[PDB]
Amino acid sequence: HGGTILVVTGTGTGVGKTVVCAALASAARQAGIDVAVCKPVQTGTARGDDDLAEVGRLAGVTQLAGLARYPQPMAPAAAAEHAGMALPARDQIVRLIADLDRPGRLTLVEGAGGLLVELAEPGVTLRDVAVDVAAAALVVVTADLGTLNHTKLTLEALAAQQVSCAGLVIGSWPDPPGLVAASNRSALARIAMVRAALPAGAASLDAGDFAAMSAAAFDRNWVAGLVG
C-alpha cells in the first residue's frame, strides 16, 4: 500500500520548512495529486505558532494532522517539560503518519527545527521516524553563509541511516542575490538538486499569488514524479 511520504526537514530552526511544505503541497495539488500535511510536534502555541494553520492558509490544504502541542517557543523536550507534559512516543508519530499514507497521495511531514531535534523519548528524531515509514527527506536550506557546512552535515546524517535525499529547497531567496548568496546557490546546486528557491516573503503572498508562485517555483515534472 502507501503513497509517498516526505519528511520536510531543514538545516536549522526558521529556514522556511513550513512555507516549503505549503509551496510543494500547492504545486502538487495543482498537478491533481492529493496532499496531506502532518506536523507531529508543535511548540510555541502560546505565541501563536501554528505551522499546520499556515499551510492551510497559503495552500488551502485541508488534510492537516497534528499530535503534540506545547505553549513555550523552545525545543520540544524543553517545551514539554516546561508544561509538565511528556513528548509523544515514537509509535505515536509513526501511527499518525501511517494513517495518512494512501496510494496516490503525497504526505508531507514537518519536524521541529532541524533533523536531529528530539521529537519523541528517548532521543528519537525525525530521521528515526523517516526510517520507520520508509520516507525520503526534502532538506530546506538557506543561502546565507554557513549554509554549506549545515547542509553537508544534514545530508551526511541522513545517509548514515540510509534515508534518501529528495533534494534541497531554499526557503528565502532575495531579489536580487549577492556574491555569497550566489556562490552558495551555485555551491548548493553542486551538492544536490535545488528543486525551488521561494522568493523572499512568499509567506505573505495571498492565496492567489502563492498558488502562482508555487507552480513556477517547482519543476512541474519533478512534482508529478513523486507519486504514482
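By rigid core we mean the largest C-alpha set that fits within 1.5 Å across both forms. All residue numbers refer to positions in the sequence shown, first residue = 1.
Averaged as a root mean square over residues and superposed structures in 9 other deposited structures of this protein, CA distances to the shown form are larger in 118 to 126; the pair compared was 153 to 161 and 118 to 126 with a core fit. Mean CA temperature factor is higher for 78 to 86 when stretches 102 to 110 and 78 to 86 are set side by side in the entry. Averaged over their C-alpha atoms, the temperature factors of 208 to 216 and 12 to 20 are higher for 208 to 216.
For the set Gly66, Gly44, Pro177, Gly171, the maximum C-alpha B-factor listed in the entry falls on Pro177. Between the residues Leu52, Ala27, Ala196, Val35, the entry's highest C-alpha temperature factor is the one at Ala196. The deposited CA B-factor of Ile5 belongs to the lowest third of values across its chain. Remark: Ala143 belongs to the highest third of its chain, ranked by C-alpha B-factor as recorded.
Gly201: CA B factor in the highest third of modelled residues in this chain (values from the PDB entry). In the deposited entry, the Cα temperature factor of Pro40 sits in the bottom third of values across the chain's modelled residues.
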